[PDB]
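Notes for the structure review
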Amino acid sequence: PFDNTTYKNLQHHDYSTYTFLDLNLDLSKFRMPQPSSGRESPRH
Amino acid sequence: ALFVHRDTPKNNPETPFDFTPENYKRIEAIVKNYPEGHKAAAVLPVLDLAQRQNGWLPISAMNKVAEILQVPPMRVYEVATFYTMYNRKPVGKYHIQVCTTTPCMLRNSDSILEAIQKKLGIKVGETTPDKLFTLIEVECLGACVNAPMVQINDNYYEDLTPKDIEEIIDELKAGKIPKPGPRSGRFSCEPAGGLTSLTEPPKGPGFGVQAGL
Amino acid sequence: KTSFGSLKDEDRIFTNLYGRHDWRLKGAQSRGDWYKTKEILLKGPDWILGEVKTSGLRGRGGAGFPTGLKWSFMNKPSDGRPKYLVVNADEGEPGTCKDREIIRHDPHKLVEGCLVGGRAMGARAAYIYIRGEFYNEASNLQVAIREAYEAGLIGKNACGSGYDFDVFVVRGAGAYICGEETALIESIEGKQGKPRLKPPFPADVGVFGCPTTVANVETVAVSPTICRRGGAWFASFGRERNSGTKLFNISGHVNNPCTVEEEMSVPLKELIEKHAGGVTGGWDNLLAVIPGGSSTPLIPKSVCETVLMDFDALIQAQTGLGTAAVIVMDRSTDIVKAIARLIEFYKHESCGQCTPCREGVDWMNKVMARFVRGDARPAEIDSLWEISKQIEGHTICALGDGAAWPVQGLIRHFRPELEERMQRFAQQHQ
Amino acid sequence: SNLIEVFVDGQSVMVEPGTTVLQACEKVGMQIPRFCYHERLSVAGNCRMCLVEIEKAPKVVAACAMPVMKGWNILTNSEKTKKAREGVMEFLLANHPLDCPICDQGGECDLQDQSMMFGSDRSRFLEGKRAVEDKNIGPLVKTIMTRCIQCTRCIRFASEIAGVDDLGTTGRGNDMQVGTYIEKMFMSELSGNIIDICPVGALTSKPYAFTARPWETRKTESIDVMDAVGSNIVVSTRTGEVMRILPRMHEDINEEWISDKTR
Ligand SMILES: NC(=O)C1=CN([C@@H]2O[C@H](COP(=O)(O)OP(=O)(O)OC[C@H]3O[C@@H](n4cnc5c(N)ncnc54)[C@H](O)[C@@H]3O)[C@@H](O)[C@H]2O)C=CC1
Ligand SMILES: Cc1cc2nc3c(=O)[nH]c(=O)nc-3n(C[C@H](O)[C@H](O)[C@H](O)COP(=O)(O)O)c2cc1C
Ligand code: SF4
Ligand code: SF4
Ligand code: SF4
Ligand code: FES
Ligand code: FES
Ligand SMILES: [K+]
């Protein structure tokens, strides 16, 4: 039903100190390979 | 807060520090986020992860990051000293931060800071003797319509009063965690006298789309 | 049209701005998001840029640069280097909280805008830079990006269009100077937040030396709605060269501080009296209003009555729209202490690269502390005006102008108050 | 060819594409004041001394970095250019210590010379000056960081020519300090050139300290015999007594550097 009172952003009360990095680690298996500049480092 | 380091017995290059294997996996994901040839672009998140593991940055996480990412350690020192979110000194468990910019100073954040100071028995930049709190003064934190406000670790406590924030500190001293949000009748950012706008339901998909799309 | 204000709820782009509805993908698709995105990505980058140009959208970061031309600067064949969109969500300017609400409650609008903007200039990926202190907002954005990835809306074969586009989220480490575009580009690359010089523009050399476009969250999150509803619909609001709607953050000495979407040319008095509930103590108690956050000069009560809230109506009133953040100070405000606090804030958040800001912002901080205490003679008011003129226009980035402008506004509109405070201290001390 | 025509004070000169305003003014015979620009280090543009007013443009550009294009008129001695130079030098001398009589750079200081030539004549500063803690980088270079103006020639020389990567800028705002952040000795074979390229007396020569003054040393051009490179040098003496050895400009051997054994 149409609700205009209850706050629906209640997921962020259960965020630990590793949530962002674990989410990034989960996303790291969905992404395309990165382009390469032809050297491993700028000083190589 | 000095920008030069002296080798104390508690902070020396021989201080033991290393990443846990799951943190190594997160570090390798962070490195894989960036293009090849620019592995130095991951200095910020790996250093932040090292801080979240250790609680503070000695001079053993910086050289470990420099060895892992193959960069000169001077660049890691520059990055650590430039940014204010990197703790080069061991802070307490709860890092209280009170924002005293003009949009918060107009709504009397000084009363909140004074109440915290005379509750914990310390001053700005000082830690409790049992290493549980650390009170510093920061700039604007992006919640100016929720002024006054403080930030404790990753939690934003907004629309505070001296009695309410004294109760919040009491809750933290008992080991409990409070709810990171505004403490008045408002929920996130709406006016306290009800919704002036967006009282209509959203129209849903397919509304007002132009012809030919 | 000549009368502006009172935007209807059907015309507001940011539904669920207050967080009262579901912010996840089910809540996003029940409101209009991710609709006909395959057709948008298939109609062409030139078509998307033309729809943006016809809308008359200007940059909501604070510069007011026309977003159509700025996004059309990247429409060039690639020389082998990749091309990047970078969405900036640093939001370190005082008085501004709109982008935090956009990240927290509407992440799907942001990532749909990221996909559309990436198609508009042939970008390879998106690097959303978010503030270090916005941990829960960045986590919500990552959750929404994972939800979009798992449904195939972005990633490989994005929305069944054959376009390749990734979205990445990076986090800052507490530096306001990183909000600048070139400073953000340097901060992404693993360096300090020291801004580069122009030329080279980011369209030629940006992040990792690649072509890059830096765009605000508010100028990205409206692009799908512009491309769906139509450019002329977006250009039907506001005056000429001020087309569209805007998020306004009213804070300070007001009855109800709030973030509200509104038409562009709404009067400031109408905005305060309709959405903020009025000035604390009534409209007669008003002393000063900062129109666009701490970078823009203030205006007093007499000017503030009949000024529209757009770019031209404030430029002609020797101020700027900025981040459209209205800070209200009533008559109980020590305005000199507030401006001295602003100069102290600009003193702390300066990268120190180029010497006029690095020395003179501390100089104005010292003389403003002395002005607040009243320990001065009236000649250093004009000396401070000369110093602020010496900084404005001789720096690498625009933080020097953003620190010089409030001093000039305070001098110009409130020199008698400075003079009487200083002469009162001189009488009481000697 | 690809020569483009630019105007310096109304005088037309030909320049290659990509040439900065500073190099064009040097081609016509004008020397733009500069602090952070060196012809062999990378372009930094963080001292704002080289600001010059291109006509029909209401914003001064940095001559050390901005390239010229066709039809640009460069007003090198206009009113707003001089005002910009005076303001930049006022900001530079706001926090400088009154250490000229105790300085080894006195009489050969770049800052003193272009303050006499392009700066103003008196001070409006009235507050307390800053103070920077002095660092130790070795028994070759004497370091007094209260006099450093953060020109970042240290970092560029150690990162591009010496190739050591041991100098950096730690801090933010007015409290930014050029240093090594730890007790580390900058020991390379080219560690006197940072003394050479420091525009102020922050990095001076430790063996030369408090011995002579530049206006009295007789300069005699000679050849280094320490190595087989054949570096051209200047021996500066004082009353029949060798005081110090400086490099000579010679683009074919030792462009403006020498090894510290020679020095
Ligand atoms: N939103 C915020 O949090 C803050 C906003 N501001 C506002 O930001 C503004 C200053 O920012 P800037 O980025 O310096 O503004 P503006 O000088 O740069 O230009 C805005 C954008 O247009 C591009 N651009 C401009 N001319 C161009 C050209 N000829 N060719 C190619 N690209 C071109 C720039 O690269 C930039 O991305 C002020 O209005 C200030 O009030 C200031 C501080 C904080
Ligand atoms: C010191 C400084 C801080 C800035 N911070 C922000 C910011 O936090 N968010 C923002 O959108 N623009 C900020 N800007 C403005 C940007 O330089 C740039 O105008 C903006 O990121 C993109 O503008 P656009 O809306 O046309 O895309 C800042 C500028 C300066 C000089
Ligand atoms: S004006 Fe200040 S913040 Fe901007 S580049 Fe110069 S020193 Fe840095
Ligand atoms: S470096 Fe130059 S200006 Fe500074 S004290 Fe020495 S001689 Fe004087
Ligand atoms: S010590 Fe000298 S050369 Fe080094 S950064 Fe400072 S002024 Fe420049
Ligand atoms: S001024 Fe305090 S949160 Fe912005
Ligand atoms: S010489 Fe150009 S800014 Fe320093
Ligand atoms: K020197």
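Residues numbered from 1 in each chain as written, not as in the entry; some residues may be left out. Chains lettered and ligands numbered in written order. Part of a larger assembly, values for the part shown. Heavy atoms only, no water.

Structure determination for this PDB entry is given in the record as cryo-EM, at a resolution of 3.44 Å.

Looking up chain D in the PDB entry gives the name NADH:ubiquinone oxidoreductase core subunit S1, with the organism given as Ovis aries. The record deposited in the PDB is entitled "Complex I from Ovis aries at pH5.5, Closed state".

Going by the PDB entry, chain B carries the name Mitochondrial complex I, 24 kDa subunit and comes from Ovis aries.

1. Here's the deal with the coordination of the potassium ion (ligand 8)
Residue and element names in this part refer to chain D. Definition in use: Metal donors were taken as nitrogen, oxygen and sulfur atoms no farther than 2.8 Å from the ion, or 3.2 Å where the ion is Na, K or Ca. Water is excluded, so coordination may look unfinished. Only protein chains enter the accessibility calculation, which uses a 1.4 Å probe; a residue whose area is less than 20% of its type maximum is buried, one above 50% is exposed, and one in between is partly exposed.
Of the protein atoms, only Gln105 (OE1), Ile195 (O), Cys198 (O), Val200 (O) and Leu203 (O) coordinate the potassium ion (ligand 8), at distances of 2.9 to 3.2 Å. The sequence pattern describing where the donors of the potassium ion (ligand 8) fall on their chain is Q-x89-I-x2-C-x1-V-x2-L. Pair check on accessibility: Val200 and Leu203 agree, each one buried.

2. Topic: the environment of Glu114 of chain B
The line we're drawing: Only DSSP runs of H or I covering at least 4 residues are called helices, and only runs of E covering at least 2 are called strands; the numbering of each starts at the N terminus.
Mapped onto the secondary structure, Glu114 of chain B falls in helix 6 (residues 109–120). C-alpha separation for the pair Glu114 of chain B and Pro162 of chain B, spaced 48 residues apart in sequence, amounts to 8.6 Å.

3. A short note on the site of ligand 2
Residues and elements named next belong to chain C. What counts is decided by this rule: Summary of the distance rule: residues count as near a molecule or strand when at least one heavy atom falls within 4 Å of that molecule or strand. Any N or O atom pair separated by 3.5 Å or less is treated as a polar contact, with the protein-specific requirement of one donor-capable and one acceptor-capable atom, and with residues adjacent in sequence counted only for side-chain atom pairs. Accessible surface area values rest on a Shrake-Rupley calculation with a 1.4 Å probe, where residue burial reflects the displayed protein chains alone. Throughout, the ten residues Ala, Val, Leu, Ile, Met, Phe, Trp, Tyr, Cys and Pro are labelled nonpolar, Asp, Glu, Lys and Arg are labelled charged, and all others, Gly among them, are labelled polar.
Lining the immediate environment of ligand 2, one finds 20 residues, of which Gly61, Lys70, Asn88, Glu91 and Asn216 sit closest. Here an oxygen atom of ligand 2 sits 3.3 Å away from a polar atom, N or O, in the main chain of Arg60. Contact with the protein chains covers 88% of the free accessible surface of ligand 2, which is 610 Å². A total of three residues in the shell around ligand 2 trace back to one element, the largest contributor, which is strand 4 (residues 212–216). Of the residues that constitute the shell around ligand 2, the class distribution is seven nonpolar, seven polar and six charged.

4. Here's the deal with the arrangement of the chains
Short version of the rule: By definition, residues are in contact when any of their heavy atoms lie within 4.5 Å.
Comparison of the five pairs of chains in contact shows the highest number of contacts for chains B and C. There is a gap between chain A and chain D: no contact, and a shortest C-alpha distance of 10 Å.

5. Thoughts on the site of ligand 1
All names here are of chain C. Close contacts around ligand 1 come from 15 residues, with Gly61, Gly62, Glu93, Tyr176 and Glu181 the closest. One of the backbone N or O atoms of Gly61 is found 2.3 Å from a nitrogen atom in ligand 1. Between ligand 1 and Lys70, the relevant distance is 3.4 Å, taken from an oxygen atom to a side-chain nitrogen or oxygen of the residue. Contact with the protein chains covers 66% of the free accessible surface of ligand 1, which is 850 Å². The class makeup of the residues in the shell around ligand 1 is seven nonpolar, four polar and four charged.

6. Let's talk about helix 8 (residues 181–188) of chain C
Most of helix 8 of chain C sits out of view: seven of its eight residues are buried. Considered for burial, the residues of helix 8 of chain C that qualify are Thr182, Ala183, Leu184, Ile185, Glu186, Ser187 and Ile188 of chain C. In the core, the buried residues of helix 8 of chain C are packed alongside helix 2 (43–54) of chain B together with strand 1 (84–89), strand 2 (125–130), strand 3 (166–171) and strand 4 of chain C. Immediately downstream of helix 8 of chain C, the backbone of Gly190 of chain C shows phi near 85 degrees, a positive value.

7. Considerations on the packing of aromatic side chains
Rules: Aromatic contacts are taken between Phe, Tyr and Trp rings whose centres are within 6.5 Å, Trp giving its six-membered ring; a plane angle under 30 degrees counts as stacked, one over 60 as edge-to-face, and the others as tilted. Criterion for a charge above a ring: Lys NZ or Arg CZ within 6 Å of the ring centre, and within 35 degrees of the ring normal.
For the coordinates displayed, the defined rule picks out 24 aromatic pairs over all chains. Relative to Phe134 of chain C, the ring of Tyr156 of chain B has its centre 6.3 Å away and its plane inclined at 75 degrees; by these criteria the two rings are edge-to-face. Of this pair, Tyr156 of chain B sits in strand 5 (residues 155–158) while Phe134 of chain C is found in the loop between strand 2 and helix 7 (135–150), placing the two residues in two different chains. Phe134 of chain C sits in the buried class, given a relative accessible area of 1%. Each member of the aromatic cluster is reached from another via a ring pair, and the members are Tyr34 of chain B together with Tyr84, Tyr127, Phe168 and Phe208 of chain C. Across the ring face of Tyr163 of chain C, the terminal group of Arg119 of chain C is positioned such that the distance to the ring centre comes to 4.9 Å. Residue placement shows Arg85 of chain D over the ring face of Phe118 of chain D; its charged tip is 5.2 Å from the ring centre.

8. Here we look at the side chain of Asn146 of chain B
Mapped onto the fold, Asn146 of chain B is located in the loop between strand 3 (133–138) and strand 4 (149–152). The exposure class of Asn146 of chain B is buried, given its relative accessible area of 1%. Setting aside residues up to four positions removed in sequence, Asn146 of chain B forms contacts with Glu158, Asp159, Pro182, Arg186 and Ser188 of chain B together with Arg100 of chain C.

9. As for the sheet that holds strand 12 (residues 242–247) of chain D
Residue and element names in this part refer to chain D. The line we're drawing: Here the rule is simple: two strands pair whenever DSSP picks up at least two bridges between them. Helix axes use the C-alpha atoms of the stretch in contact, all axes being lines fitted to C-alpha atoms, and the angles between their N-to-C directions lie in the range 0 to 180 degrees.
With respect to topology, three strands assemble into an open sheet ordered 10-11-12, the strand pairing being antiparallel. The sheet is open, and its two borders are formed by strand 10 (218–223) and strand 12, each paired with just one other strand. Along the sheet, successive strands turn relative to each other by an average axial angle of 30 degrees, direction set aside. Here strand 11 (residues 232–237) runs beside strand 12; their pairing, made up of five bridges, is antiparallel. Its bridge partner lying in strand 12, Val234 is registered against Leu246.

10. Comments concerning the interface of chain B and chain C
Here is the rule we go by: A simple way to read buried area is as the amount of 1.4 Å-probe accessible surface that goes missing from two parts once joined, with both sides added. Think of a salt bridge as a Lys or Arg side-chain nitrogen and an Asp or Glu carboxyl oxygen that are within 4 Å of each other.
At the interface, 62 residues of chain B touch 87 residues of chain C. Carbon and sulfur atoms supply 60% of the area that chain B and chain C bury against each other, a total of about 6,100 Å² over both sides. Across the chain B-chain C interface, the total number found is four salt bridges. A salt bridge links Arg341 of chain C to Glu139 of chain B, with the nearest nitrogen and oxygen atoms 3.1 Å apart. For the pair chain B and chain C, the interface holds 25 residue pairs in polar contact. Considering each element in turn, the side of chain B that touches chain C owes the most residues, four residues, to helix 2 of chain B. Split into classes, the residues belonging to the side of chain B that touches chain C amount to 32 nonpolar, 19 polar and 11 charged.

11. As for the interface of chain A and chain B
Taken together, the contacts link 23 residues of chain A with 28 residues of chain B. Taking both sides of the interface into account, the surface hidden between chain A and chain B amounts to around 2,100 Å²; carbon and sulfur atoms contribute 56%. When the buried surface of chain A facing chain B is broken down by residue, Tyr18, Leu21 and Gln34 of chain A rank first, second and third, together holding 24% of it. Joining chain A to chain B, the criterion identifies one salt bridge. Residue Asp22 of chain A is joined to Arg26 of chain B by a salt bridge in which the shortest nitrogen-to-oxygen separation is 2.5 Å. Where chain A meets chain B, there are five residue pairs in polar contact. Across the side of chain A that touches chain B, the residue classes break down as seven nonpolar, 11 polar and five charged.

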